[PDB]
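Just the one chain here, the form deposited in one PDB entry, laid out as C-alpha cells.
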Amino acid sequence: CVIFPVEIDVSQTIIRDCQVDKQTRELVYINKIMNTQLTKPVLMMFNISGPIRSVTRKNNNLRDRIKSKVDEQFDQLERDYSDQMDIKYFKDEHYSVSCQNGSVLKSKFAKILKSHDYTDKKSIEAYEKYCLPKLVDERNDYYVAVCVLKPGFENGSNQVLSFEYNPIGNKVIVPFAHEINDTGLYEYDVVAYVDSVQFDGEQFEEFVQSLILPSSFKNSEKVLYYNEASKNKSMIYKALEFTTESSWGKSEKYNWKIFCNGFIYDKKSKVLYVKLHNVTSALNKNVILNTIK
C-alpha cells in the first residue's frame, strides 16, 4: 500500500556483533558514508575488542534485516497512534583495512600506506586532534580498525562491511564513539545488535539517562525514564509521553509513548538491543561489555 519510501535519506548506522565460535566474533558495520558515491579516499575508524583475522563485504539486505530485529523490539514499548493508511593489513581494490594495536596507531599514525596520502597533513592533521584521542587510552590495548573506503566502493551492492575478529579478554566494544566536536554535544542515530554478552545496568542507566530526546512539539510533553525488568527482559530507556483527545465522539484520551531510546536485554537469549535514534547526549563514549564468560 505504498512504494515511495526509504532512498537517498535512509542512513543512520547499523551495527551487529555476534559470537561465531569459541573465540571469534563477527562485526557488521553500515554507516552513512559507506552508502554514498565517494569521489575521494574516505577514512573512518573504531575500536574492536581483539584483532581482525579477516574482512569481507556483505550484501545490503543485511542492513534491513538487522534494523528490523531491533526496531521491532523497541516498538513493543511505544504507543504511536499516528495515522496509517491502506601491523596487520587487509588490502583490497575498493577498500583497505588496517588493524593495529591502539597505542601503535598513535606513534605511527602519519604512516599512510593505506593510501590516505593526497589528503596530506591538511586532512589527516584533523583526525589526530578530533578522533585519534578518543580511540587510544590508558589501556593501550583496544585495537583500532583503520578503514579507507576508496572510490568505486559504490558500484554494485554489498556496501556492508564485516570484521571477523578474536576478542581479547572477554571484552566487546560496540563502537558508538564519535569525532570529538568543538560544540560539546553529540547526536546519536544508531541501532545495534550484539549478543552473547552479559547485561550491565550501571553503564546503561548512565547513558540512557544522559539522553535528550527529540521534540513532538506539544507543551504537555514529559520525558520519563524507565528501568523495567520483565520476565526474560530488562529495558533501560527514555520515552516522550503526552495525552491526546478524541477527534469526534466521546471524550476518550490517548496516552502516547514515543521516541523510545535506550537498551533492551533479553535475559534468556542473552542478546542486547540498542536504539539511539536522533537523540543527543554530551556523552561521547563506546559501550563496553563482557562476553558470557
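By rigid core we mean the largest C-alpha set that fits within 1.5 Å across both forms. Numbers for residues come from their place in the sequence shown, where the first is 1.
Just so you know, the form deposited in another entry exists too; it's not on screen, but the next bit is about it.
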With the two forms superposed on the core, which of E187, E221, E206, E154 shows a CA shift of 2 angstroms or more between the shown form and the other one? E154
Once both forms sit on the same rigid core, is the C-alpha displacement of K231 at or above 2 Å between the shown form and the other one? no
Does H94 shift between the shown form and the other one by 2 angstroms or more at the C-alpha, the core having been superposed? yes
Honestly, after the rigid core fit, is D21 moving at least 2 Å at Cα between the shown form and the other one? no
Just say closer or farther for the C-alpha distance from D9 to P175 in the other form, relative to the shown form; it changes by 3 Å or more. closer
Pair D92/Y193, Cα separation in the other form versus the displayed form, closer or farther by 3 angstroms or more: closer
